[PDB]
Amino acid sequence: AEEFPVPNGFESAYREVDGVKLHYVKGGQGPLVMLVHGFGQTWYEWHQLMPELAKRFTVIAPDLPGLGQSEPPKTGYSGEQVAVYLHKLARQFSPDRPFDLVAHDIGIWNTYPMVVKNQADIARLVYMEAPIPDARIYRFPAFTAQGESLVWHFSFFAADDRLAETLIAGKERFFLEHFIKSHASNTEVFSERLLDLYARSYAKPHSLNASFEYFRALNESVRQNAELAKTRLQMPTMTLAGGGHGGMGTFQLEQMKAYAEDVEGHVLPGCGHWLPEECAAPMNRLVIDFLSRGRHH
Amino acid sequence: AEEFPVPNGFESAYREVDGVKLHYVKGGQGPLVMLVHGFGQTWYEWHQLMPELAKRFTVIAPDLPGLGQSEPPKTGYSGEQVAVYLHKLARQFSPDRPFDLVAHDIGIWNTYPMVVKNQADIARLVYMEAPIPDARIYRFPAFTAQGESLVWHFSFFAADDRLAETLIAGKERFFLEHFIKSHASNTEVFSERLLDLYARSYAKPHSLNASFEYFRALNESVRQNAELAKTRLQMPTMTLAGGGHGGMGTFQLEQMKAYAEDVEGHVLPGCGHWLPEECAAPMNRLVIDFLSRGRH
C-alpha cells in the first residue's frame, strides 16, 4: 500500500542510506532534481510539479527521515545529521554529475548543511517558504495584534515532556487542518480528502514524534549553521515566498542574500506558505524555468 | 463543596455582582486588601500569604470569572469588562474607604482598568509577574536560543476554532504540570498533590474555556489600555518579578515605570513565575511590608 497516490510514470521505492530505509518517488530522465518536503507533509506535496519536471529531468522526491514512509534517522534530527542522508541518497542516483535541489519548509533545514559542504555537487538551488536556521528566527513574535503569530509552533513543538505528541495524538486531523489553514491564503486547495491523507501519515506514532524532533533539534541546527555560514553559497539560487496570509514575503530573499552570492527571488501575491498546493501553476512555472536555464533532457 | 482548603479562620462564600456569582475566600479585620490570582490557578495561590495579612487587614481573594468556583462573566473577558466585577466586589466590602490590591499574572489584566478609572478607590497596589496588556506584548519572541519562550502560549490560547480546548481537553492535568513547571525556577513546590488540586479546578469544561477566553480577549484589552494609559497611576505601587527560569525579570518594573508615578520594583533571584509558591518567604515579606506602610 501507498500513503499517497503515485503519478503515472513514477515509481515508489526505497534505498538504504547509512542503515536507514528511505522512501522516495522517482520518475523522468535527464539530470537529477531532488525535491524535499517539509513539516505536515510528505513527498506528495510535489506531485503536481513532478510530471512537468520529469519531461526534462530525473526527479526524486524523498520522504524525510521518520516522515511519510521513511525510517527515522539513526543519528539525529539536526540539520547536519539529516542532510547526510539526503545528500547520500541523491548521490546514489547522480554520482557523476551535480544535481539540482528544491526544498520547502523544514526541507531547507535538512538540506542547507549538505549544500554548503558539497557545493560542487549542487548545480542549482531553489529554496521556498522557510528560514534557514539562524539567529533571525529569534526575532519572530510570539503574538500579533491580529491573533496567532506565524511561528509560535516552534516553541510548542520544541517543548519537552512530549508536549506536542501528547496533546495532538488522537486529534491529528483536527490539528493539521488548523495548522495548514492558519498558514494558508488559499485554504480551498486543502480539500477534506487531502487533509485526511496528510493527517493519516503524520499520525503514525513514530512520524508524529519525528515531526517534532526536527524542532527539538532547531537550536542545535542554528548553532551548526553559525559555523557553516562562514562559507557563502556560490551556485545559482532562486527563492520563492508567499506574499499573502501565512507567507514569508520579503524575508525569504532578504535572508538568502546573506547566504548566496547569486540569488534571484520572487514573492507570489495571493499565496501563503504552502506554495506547491496554493499556487501550483506559477510556482511550477518559476521552478521549471529556473532549472531549465541549465542543461536538461 | 470546596475545590481548595480554606485557611483556619477564613470563610468561603459567594457574592452576586452584575448577575455573576463570584466565589471568594475572606478573613481578617481592618482595611481591605483584595488578592487576585492568575492563569492556571485560583484564589488558593494566596493561601499562605492570607493568614499573615489577616493579622492587619480584611483579606478577600476572589476566583476570576469562569475560574475556580466563580461563574463566567456575562459581559466579556476583556480587562475592562472583568475589572467591573472585581471593582464592584471589593467596593461591597469597602464602600467608604480605598482598598489595597495585589494581583498576579492575568489578575493584572483584569484589574488595571478599574485601578486607572477609580484611582481614589485604590490605596496601594502590588503587581507581579505579567505584562499589562499593551504594544509591548507584540515584542516577545516566539522562540528563544534556550527553547520555548515565555509567552508563545498567547498565540496557542488565542487561536481560533477552540484549538487549545480541543487539544487540552482530557489532558488538563498533564498540560498544567508542564505549563507550571516550564515557567518555574523552584519546580519542587509543585507536588503531584498540589497539581491535582489546580488541575481538577481548571479541567471543569467551562473553566477550561474561560481560561482561554482571557487570551482571546487580549488584543481587545490592549486596545482598551491604549486609551486608559493616557492617565498615569498616582498611588504607591510595587512590582515583583522572578529572576529565575520562567520569570519576567526586569521587564515588570520597566513597563510599570511608564504607567505609575510612584513605583518600586524587585526581582527575586531563584524564583520563576509562581512567586507565592516558589518563593513564599521573601515574596510574602515584600508584600506585607509594602502594604503595612499604609493604614492597617
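Residues numbered from 1 in each chain as written, not as in the entry; some residues may be left out. Chains lettered and ligands numbered in written order. Heavy atoms only, no water.

As deposited, the entry is annotated with X-ray crystallography as its determination method and 1.500 Å as its resolution.

Our next topic: the overall build of chain A. From N to C terminus, chain A includes 13 helices and 10 strands. Its C-alpha atoms give chain A a radius of gyration of 18 Å, near enough to 19 Å, the size a compact globule of 297 residues would have. Its C-alpha atoms give chain A principal-axis dimensions of about 45 × 45 × 40 Å. Across the 297 residues that make up chain A, the buried fraction comes to 61%. Partitioning the intrachain contacts of chain A with sequence separation of at least 6 by distance along the chain shows that 76% fall at a separation of at least 24. Accessible area for chain A stands at about 10600 Å²; split by element, carbon and sulfur atoms hold 50% of it. Measuring between centres, the 28 positive side-chain charges of chain A sit 4 Å from its 35 negative side-chain charges. (Helix = DSSP H or I, 4+ residues; strand = E, 2+ residues; numbered from the N terminus. Rg over C-alpha atoms; globule rule 2.2 N^0.38 Å. Buried < 20%, exposed > 50% of the residue type's maximum accessible area, 1.4 Å probe, protein only. Contact = heavy atoms within 4.5 Å. Areas by Shrake-Rupley, 256 points an atom, 1.4 Å probe, with all protein chains shown as cover. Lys, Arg positive; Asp, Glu negative; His and termini not counted. Charge placed at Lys NZ, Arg CZ, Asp CG, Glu CD.)

This part is about unusual backbone geometry. All names here are of chain B. Its identity as a non-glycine residue notwithstanding, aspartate 105 has a phi of 60 degrees, on the positive side. What makes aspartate 105 buried here is its relative accessible area of 12%. One non-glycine residue, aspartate 161, lies in the positive phi region at around 65 degrees. If you trace the backbone, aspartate 161 turns up in the loop between α5 (153–158) and α6 (163–168). The class of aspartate 161 is exposed, set by a relative accessible area of 53%.

All names here are of chain B. Here 8 strands make up an open sheet; going across it, the order is β1-β2-β4-β3-β5-β6-β9-β10 and the pairing mixed. Looking at which strands have only one partner, the edges of the open sheet turn out to be β1 (11–17) and β10 (263–268). Direction aside, neighbouring strands of the sheet carry axes that sit 20 degrees apart on average. In terms of strand pairing, strand β3 (residues 32–36) meets strand β5 (residues 99–104) through 4 bridges, oriented parallel. Along β5, the bridge assignment pairs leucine 35 with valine 102. Seen against the sheet, helix α2 (residues 79–93) touches β1, β2 (20–28), β3, β4 (58–62) and β5 and runs at an angle of roughly 45 degrees to β2. Each of β3, β5, β6 (122–128), β9 (237–242) and β10 touches helix α13 (residues 280–291); the most contacted strand, β6, lies at about 160 degrees to it. (Pairing = 2+ DSSP bridges. Axes fitted to C-alpha atoms, helices over the stretch in contact; angles between N-to-C directions.)

We now examine helix α7 (residues 172–182) of chain A. Buried within α7(A) are the following residues: A:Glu172, A:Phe175, A:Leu176, A:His178, A:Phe179, A:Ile180 and A:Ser182. The elements touched by buried residues of α7(A) are β8 (147–148), α5 (153–158), α6 (163–168) and α8 (192–202) of chain A together with α6 of chain B.

With that out of the way, let us pick up the packing of α7(A) against α8(A). Residues and elements named next belong to chain A. For the pair α7 and α8, the least separation of the axes is 9 Å and the interaxial angle reads 120 degrees. Taken together, α7 and α8 sit at an angle that is classed as oblique. As for how α7 packs across α8, the hand of that crossing is right-handed. Residue-level contacts link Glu172, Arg173, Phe175, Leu176, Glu177, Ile180 and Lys181 of α7 to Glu192, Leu195, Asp196, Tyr198, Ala199 and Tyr202 of α8. Taken together, the residues of the contact of α7 with α8 sort by class into 7 nonpolar, no polar and 6 charged. (Parallel < 35°, antiparallel > 145°, perpendicular 65-115°, else oblique. Left-handed = near helix turned anticlockwise from the far one by under 90°. Nonpolar A, V, L, I, M, F, W, Y, C, P; charged D, E, K, R; others polar.)

The final tally for this structure, using the stated rule, is 2 disulfides over all chains. In this model, A:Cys271 is linked to A:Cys279 through a disulfide, with the two sulfur atoms separated by 2.0 Å. Between A:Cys271 and A:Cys279, the disulfide has an S-S torsion of -105 degrees and is therefore left-handed. A relative accessible area of 6% means that A:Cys279 is categorised as buried. Between B:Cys271 and B:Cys279 runs a disulfide, and the two sulfur atoms are separated by 2.0 Å. Disulfide B:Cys271 to B:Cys279: torsion about the S-S bond roughly -110 degrees, handedness left-handed. Of the residues examined, B:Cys271 reaches a relative accessible area of 2% and is grouped as buried. (Disulfide = S-S within 2.5 Å.)

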